[PDB]
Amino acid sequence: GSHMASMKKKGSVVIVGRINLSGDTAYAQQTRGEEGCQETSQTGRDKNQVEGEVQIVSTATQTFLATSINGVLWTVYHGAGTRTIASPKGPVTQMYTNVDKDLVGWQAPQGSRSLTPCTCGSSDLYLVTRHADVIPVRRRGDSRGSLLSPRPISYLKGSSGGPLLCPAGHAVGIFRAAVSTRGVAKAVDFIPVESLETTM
């Protein structure tokens, strides 16, 4: 538009839940409903206590995941764009932005826990989805892995930004895109943790 006085501001990304991995059972928890999410996106002020490594995040139009690794909350650019994230003292600007990698990052929220970058060199991985499904993935290249059991794309939608983990629970990568044919996801593409470590 040409009328700057009425130009709108995009809201903040908002943490609305988490994938609980602290015990023997993975499960999703919601920490904020849709109305409170809307309010928090506009103010950028989120007073909720943050816990865990994998957050469920939302904008006005999308929901996806974000994963703390080495004190940075990482997610995908196709979800967050250049948006700030809401925090107790207001909006927080991204400290990493790389559209070529489909990658953004903010300082990790106070109270969050960070995953350690994997140095195991192992190819037996586990994808964690927004529904707290743990999906075995065999690593097939620097940024690719195959599902041991393929599943319709619907079961992976909304899990970009989530982690691929090694058998020891280290972060190996961030889920970016799916490889699907006839609607069935047979493989996943992820941002390797080394690419995060280079971006850092």
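One rule holds for the numbers: they count along the sequence shown, beginning at 1.
Student: When the C-alpha temperature factors are averaged for each of 68-76 and 87-95, which stretch ends up with the higher value in the entry?
Tutor: Per the PDB entry, the higher value belongs to 87-95.
Student: With reference to the PDB entry, specify whether the mean Cα temperature factor is higher for 14-22 or for 178-186.
Tutor: Mean B over CA atoms: larger for 178-186.
Student: So if I compare the CA B-factors in the entry for 160, 55, 29, 43, which one is the largest?
Tutor: Answer, based on the entry's C-alpha B-factors: 43.
Student: Hey, out of 156, 166, 148, 132, whose CA B-factor is highest in the deposited coordinates?
Tutor: It is 148.
Student: Grab the CA temperature factor for residue 105 from the record and place it in the lowest, middle or highest third of its chain.
Tutor: Lowest third - that is where residue 105 ends up once the chain's C-alpha B-factors are sorted.
Student: Relative to the other modelled residues in the chain, which third contains the C-alpha temperature factor of residue 144: lowest, middle or highest?
Tutor: Tercile = lowest for this residue's CA B-factor.
Student: Tell me, lowest, middle or highest third: where does the Cα B factor of residue 171 rank within its chain?
Tutor: Residue 171: CA B-factor falls in the middle third of its chain.
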